[PDB]
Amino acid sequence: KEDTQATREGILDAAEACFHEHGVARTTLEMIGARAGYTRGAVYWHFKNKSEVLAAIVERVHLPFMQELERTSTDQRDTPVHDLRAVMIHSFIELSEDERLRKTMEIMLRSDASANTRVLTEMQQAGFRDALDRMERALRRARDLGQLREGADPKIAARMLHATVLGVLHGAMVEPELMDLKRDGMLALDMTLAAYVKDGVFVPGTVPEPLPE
């Protein structure tokens, strides 16, 4: 087990388990290296430092999800509101059923344990901005198709949706007995969309088909 034989995915899988178990602060390069079956030099073979490791764990789940959201605004389909619902609701289900995904999402939610460091906060800012941009674009396509209520601002709508969804994610992390990621994510999403979306455009409470492709 020479350090240079470690693969990037094995380094990231090991680091994500370290971070889930010990948190960001207590995780060290030596711990990540040992966990993957090597020593710290196997981590250096891929990443300058622990924050690059964190960024890469985040990117690996945030990238795919941003891709899904981006598809909801396509001019090749004429149901952007339904598509946004398909993406979000299946994401909620996935987060609820896949502990590994859920624990990475919870690493980001938890953020920096003190004002001393802003390392997770900047990644969160950049992620929030990415998600908002994409939701706002889907909502702008919905307006053109006459699917929004008169006067609905798609930028405000996107901001309200992120707020009530973010709140469900934080609540479920704190007290899963009281706040249910699937059930309440879907209620927050539908409630928020119904404030900005015309009646009759989608049926609240329904499970959409996974977005095609």
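From 1 onward, residues are counted along the sequence shown.
May I ask you to compare 46 to 54 and 143 to 151 by their mean CA B factor in the entry and name the higher one?
Higher mean C-alpha B-factor in the PDB entry: 143 to 151.
Could you check which stretch, 22 to 30 or 182 to 190, carries the larger mean CA temperature factor in the entry?
Comparing 22 to 30 with 182 to 190, the higher average CA B-factor belongs to 22 to 30.
Which has the highest CA B-factor per the PDB entry: 108, 95, 81, 88?
108 has the highest C-alpha B-factor of those listed.
What third of its chain's C-alpha B-factors does residue 63 belong to: lowest, middle or highest?
For residue 63, the deposited C-alpha B-factor lands in the highest third.
Looking at the temperature factor on the CA atom of residue 11, which third of the chain's modelled residues does it land in?
Lowest third.
Please say which third, lowest, middle or highest, residue 135 falls into when its CA temperature factor is compared across its chain.
Within its chain, residue 135 is a lowest-third residue by C-alpha B-factor, going by the deposited values.
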